[PDB]
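Engineer: Residue numbers (the authors' numbering), protein chains in the order written: chain j, 24 to 108; chain S, 49 to 204; chain Z, 35 to 154; chain R, 10 to 149; chain o, 12 to 102; chain a, 35 to 77, 104 to 142; chain b, 2 to 149.
Ideal Cβ placement from N, Cα and C applies to all residues, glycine included.
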Ligand SMILES: [Mg+2]
């Protein structure tokens, strides 16, 4: 029943992100938390490099627009400053 | 918009009338109060938990065994609290959470007994008339867990 | 001869019925695409297999962020039958280096930069 | 012969120990035993997929039967247990269907209750108060 | 059927069930939403020009530099002398 | 007066949510059999295989024997469980 | 395969986890040649690691024999009489630490196929299914087409 889960903002597969697969599976009985799961470590590396790509692409987009705008202002000033002599 | 009662007039299923939500939430207050009384007074016998341990969902009593298919970097004999329990039942009540239960509500304990390997497991590939024949032999690691206790906590 | 196919520009000009159907804005559009390969590139031509390699969509059902620029969109117009395109919406801001690891992209299309595992 | 093979008995016995339960001369003669032992190993690896498949269809048969005991069918039971965020899988529900049938009856009443909240929900369209078991738990 | 069911002049017929219609329809709907989101670029083609030329240049400097740094590995005395312990004894 | 299942045969199912709305408390006591729903306690190879087949309602084939090869492949000490 | 190999059910020795955990490995028996390249990493295991291993679990008694062997062996003997003899022939020190720790961690059960991945001995708590669960009784216990 994954189309319902897409309607609810959940993962389409219940083994995807969420509380069944991202909490730790077990703890010590003393209360010590376990060392982290291998798939949770790999998965948080995937989410971290994904977020790094989102930031990197967003910064290239903003720097690209601002560089275009500075090129257009320099073209307008090379239009205006030659209107004399 | 009236239709005379023919066969295809009204649907073949009976019309169910769902209860009013105020009285039904009061009924849930009564039932949760009673089941909390059975947990406080200790009326329950032995429990079972459905716990979503790593690979799948294991139905679990106390005093039983689970064979997992990985090494868990633990010593043989160390106690484990299994979190991600997601159903807890007794003879006369259950407790199923959405999707998991509260850690302050159910405490499932289990020791590691033995960290074995599996029986040797043959992986042969063979395509006819192409001289394609590969044999591999694989033993996965395994740990066995003795679920020591399913303790339940009167927190509803 | 089955050749490469061109697509005219009226195909990629949205209508206000489409702007009301899908929740887009023509003024102030979105920056980042989420692209997801959902149709195998086998039984497809080699140029489509190449574009799917160029977009990093070699695994199926794995989202990939791209730019909403006409060059990237030209490659996406080549393989638009093989993918799924959604806008990357960002409810909270784009994550800083403090919130860099504690993110999760949801199935709706939003990148939630504070990702607890707790219910509301 | 300068160096001819001495250790050859053990290669024959490497293959033939897997043939010890076959019929015919497949348990005895090496030429026949290599083909049937290779073939038994190929079936042994291709049957892991069929083990998983046949267990799952066996569980859907057991959940189907025990849900027909409570008047429901299988797709109403599974779809409406999904819609309650009770994400028990097929193995557990077959094991409750066998060993703990009060719990399976209460899951059947929860799933049919949610099914009727879906019927009354999609019946009275527009804004209406939601069902009680129809609420979802939002995680963040 | 005349021969080999599915290729030839006289092929057997195959018909489009409701499964196949609903599958093709939902593929067309996903396709039409792809047609919506490709209709609104964040930049024009003039504005995108050269916005990532530096990062692409440094990326190919990394690939070029990984190509031109390929050479035999270092050879140590401790490996060759370390072979001599194959006749390590007790006493 | 609403019942999601006809709570008449196995257990009296009473569904509940907690007030925080996260767990589904189900309460189900066992239904006793009523005393009025009870009755008081009352106080040659061919022919033999037709008689056993007619007796246990199975076909004739599982009564004819099987040879030494199938009597001596049978695991005579199988693993017990539980 | 699984039909040529025997199988068994997943068990323990004397309910090995319930009350207390008992180390199931009684004796290790190393036989290590003094002069010989086969038992080199065995010798380096005795010089380095068998003492710290012998202290990390004192319920195991260890017999290093040091005879002129031509292939070194380790012989793990378990509490239930099982004896698993494995060879440490031409294996490095780390591989013998993982091998000996593997023999220490497991038990004297066979390494044949295990049928079920679990073992309850009380599988049913609400009462097992029989065909008269989920069937309502009728008045006077009557069956169909019965008049009186
Ligand atoms: Mg033909």
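What are the boundary residues of the beta strand (DSSP E) that residue 99(S) is part of?
Structural biologist: Numbered from 1 along the second chain, position 51 holds the residue referred to as residue 99(S). Its beta strand (DSSP E) spans residues 96-99.
Engineer: Measure the C-alpha to C-alpha separation of residue 38(R) and residue 30(R) and round it to an integer number of angstroms.
Structural biologist: Residue mapping note: residue 38(R) aligns to position 29 of the fourth chain, counting from 1. Residue mapping note: residue 30(R) aligns to position 21 of the fourth chain, counting from 1. Going from the Cα of residue 38(R) to the Cα of residue 30(R) covers about 13 Å.
Engineer: What residues in the segment 71-102 of chain R bring their beta carbon closer than 8 Å to a beta carbon of chain a?
Structural biologist: Listed by position, the residues of the segment 71-102 of chain R near chain a (Cβ gap below 8 Å) are 79, 80, 93 and 95.
Engineer: Quick test of your reading: residue 153(Z) and residue 148(R), contact by CB under 8 Å. State the CB separation rounded to the nearest angstrom.
Structural biologist: For this step, residue 153(Z) is matched to residue 119 along the third chain. For this step, residue 148(R) is matched to residue 139 along the fourth chain. Their Cβ separation, rounded to whole angstroms, is 5 Å, which keeps residue 153(Z) and residue 148(R) in contact under 8 Å.
Engineer: By the 8 Å beta-carbon criterion, what residues does the segment 158-175 of chain S contribute toward chain R?
Structural biologist: Answer in chain order: 170, 171, 172, 173 and 174.
Engineer: Looking at C-alpha atoms only, which residue of 53(S), 67(S), 84(S) and 78(S) is the closest neighbour of residue 202(S)?
Structural biologist: Stepping through the second chain from its first residue, residue 202(S) is reached at position 154. Cα-wise, what sits closest to residue 202(S) is 84(S).
Engineer: Helix, strand or coil for residue 72(o) per DSSP?
Structural biologist: One-based indexing of the fifth chain puts residue 72(o) at position 61. Reduced to three states, the DSSP call for residue 72(o) is helix.
Engineer: Any chance you could list the beta strand (DSSP E) runs of at least 3 consecutive residues sitting entirely within the segment 94-148 of chain Z, in chain order?
Structural biologist: Those beta strand (DSSP E) runs which fall completely within the segment 94-148 of chain Z and span 3+ residues are 98-101 and 117-121.
Engineer: What do you reckon, is the C-beta of residue 22(o) under 7 Å from a heavy atom of ligand 1?
Structural biologist: Taking the fifth chain and counting its residues from 1, the one referred to as residue 22(o) is at position 11. Flag unset: Cβ of residue 22(o) not near ligand 1.
Engineer: If we count Cβ pairs, one from each stretch, closer than 8 Å, do we get three or more for the segment 81-100 of chain b versus the segment 131-148 of chain S?
Structural biologist: As far as the Cβ criterion goes, the segment 81-100 of chain b does not touch the segment 131-148 of chain S, which means the pair count is below three.
Engineer: Does residue 102(o) pass the burial test, meaning 16 or more other C-beta atoms within 10 Å, or should it be called exposed?
Structural biologist: Here residue 102(o) is taken as the residue at index 91 of the fifth chain, counted from 1. Residue 102(o) comes out exposed.
Engineer: Less than 8 Å between CB atoms is the rule here; does residue 146(R) satisfy it with respect to chain Z?
Structural biologist: Here residue 146(R) refers to the residue found at position 137 when the fourth chain is read from its first residue. True, the Cβ-Cβ gap to chain Z drops below 8 Å.
Engineer: Look up residue 84(b) in the DSSP assignment and say whether it is helix, strand or coil.
Structural biologist: Locating residue 84(b) in the seventh chain gives position 83, where the first residue counts as 1. Strand, per DSSP.
Engineer: Is residue 112(S) close to chain j? Criterion is C-beta to C-beta, closer than 8 Å.
Structural biologist: On the second chain, residue 112(S) is found 64 positions in, with the first residue counted as 1. Not an interface residue.
Engineer: Spell out whether any CB of chain b is found under 8 Å from the CB atom of residue 137(S).
Structural biologist: Locating residue 137(S) in the second chain gives position 89, counting from the first residue. Chain b, which has a Cβ nearer than 8 Å to the Cβ of residue 137(S), makes this yes.
Engineer: Using the three-state DSSP reduction, which class does residue 27(b) fall into: helix, strand or coil?
Structural biologist: Counting from 1 along the seventh chain, the entry for residue 27(b) is found at position 26. Three-state DSSP puts residue 27(b) in a strand.
Engineer: Along the alpha helix (DSSP H) that carries residue 130(a), what are the first and last residues, could you check?
Structural biologist: Locating residue 130(a) in the sixth chain gives position 70, counting from the first residue. Its alpha helix (DSSP H) spans residues 128-131.
Engineer: Measuring CA to CA, which of 66(S), 92(S), 103(S) and 148(S) is closest to residue 56(a)?
Structural biologist: For this step, residue 56(a) is matched to residue 22 along the sixth chain. When only C-alpha atoms are compared, the closest one is 148(S).
Engineer: Taking only the alpha-carbon atoms, compute the straight-line gap between residue 48(a) and residue 79(R) and give it to the nearest angstrom.
Structural biologist: Along the sixth chain, read from residue 1 onward, the residue named residue 48(a) stands at position 14. Along the fourth chain, read from residue 1 onward, the residue named residue 79(R) stands at position 70. The alpha-carbon atoms of residue 48(a) and residue 79(R) are separated by roughly 15 Å.
Engineer: Can you list every residue whose CB sits closer than 5 Å to some heavy atom of ligand 1, going in chain order?
Structural biologist: Here the residues come out as 14(o) and 15(o).
Engineer: Find the residues of chain b that neighbour residue 203(S), judging by a C-beta separation of less than 9 Å, and give them in chain order.
Structural biologist: Walking along the second chain from the start, residue 203(S) turns up at place 155. Neighbours of residue 203(S) on chain b: none; closest Cβ ~22 Å, over 9 Å.
Engineer: For residue 42(b), which three-state DSSP category applies?
Structural biologist: In the seventh chain, residue 42(b) corresponds to position 41, counting from 1. Three-state result, residue 42(b): helix.
Engineer: Which term fits residue 93(j), buried or exposed, when burial requires 16 or more other beta carbons within 10 angstroms of its beta carbon?
Structural biologist: Stepping through the first chain from its first residue, residue 93(j) is reached at position 70. Per the 10 Å Cβ criterion, exposed.
Engineer: Could you say which of 120(R), 32(R), 22(R) and 70(R) lies nearest to residue 133(a) if we only look at CA atoms?
Structural biologist: Residue mapping note: residue 133(a) aligns to position 73 of the sixth chain, counting from 1. When each option's Cα is compared against that of residue 133(a), the closest is 32(R).
Engineer: So, helix, strand or coil for residue 48(R), using DSSP?
Structural biologist: Residue mapping note: residue 48(R) aligns to position 39 of the fourth chain, counting from 1. Helix.
Engineer: So, is residue 42(b) buried or exposed, given that buried needs 16 or more other C-beta atoms within 10 angstroms?
Structural biologist: Taking the seventh chain and counting its residues from 1, one reaches residue 42(b) at position 41. Classification for residue 42(b): buried.
Engineer: For a cutoff of 8 Å on Cβ pairs, would you count residue 110(Z) as touching chain R?
Structural biologist: Sequence index remark: in the third chain, residue 110(Z) carries index 76 (1-based). Chain R contact via Cβ: absent.
Engineer: For the alpha helix (DSSP H) containing residue 45(j), list its first residue and its last residue.
Structural biologist: Your numbering for residue 45(j) matches position 22 in the first chain. It spans 42-45 - the alpha helix (DSSP H) in which residue 45(j) sits, taken as one unbroken run.
Engineer: How is the beta strand (DSSP E) around residue 112(S) delimited, first residue to last?
Structural biologist: Taking the first residue of the second chain as position 1, residue 112(S) is located at position 64. Segment 112-116, the beta strand (DSSP E) holding residue 112(S).
Engineer: Does any CB atom of chain j fall closer than 8 Å to the CB of residue 105(Z)?
Structural biologist: One-based indexing of the third chain puts residue 105(Z) at position 71. Output row for residue 105(Z): interface = no.
Engineer: Should residue 111(a) go down as buried or exposed, given a rule of 16 or more other Cβ atoms within 10 Å for buried?
Structural biologist: By one-based count along the sixth chain, residue 111(a) stands at place 51. Flag for residue 111(a) reads exposed.
Engineer: Let me see if you follow: with CB-CB separation under 8 Å, is residue 113(Z) close to chain j or not?
Structural biologist: Walking along the third chain from the start, residue 113(Z) turns up at place 79. Not closer than 8 Å to any Cβ of chain j, the Cβ of residue 113(Z) fails to qualify, so no.
Engineer: For the beta strand (DSSP E) that contains residue 63(b), what are its first and last residues?
Structural biologist: In the seventh chain, the residue the question calls residue 63(b) occupies position 62. Segment 62-65, the beta strand (DSSP E) holding residue 63(b).
Engineer: Under the rule that 16 or more other beta-carbon atoms within 10 Å means buried, what is residue 51(o), buried or exposed?
Structural biologist: Along the fifth chain, one-based indexing puts residue 51(o) at 40. Residue 51(o) should be labelled buried.
Engineer: Check this for me: beta carbons of residue 119(Z) and residue 49(o), under 8 Å apart or not?
Structural biologist: As a working mapping, residue 119(Z) is identified with position 85 in the third chain. As a working mapping, residue 49(o) is identified with position 38 in the fifth chain. Contact: yes.
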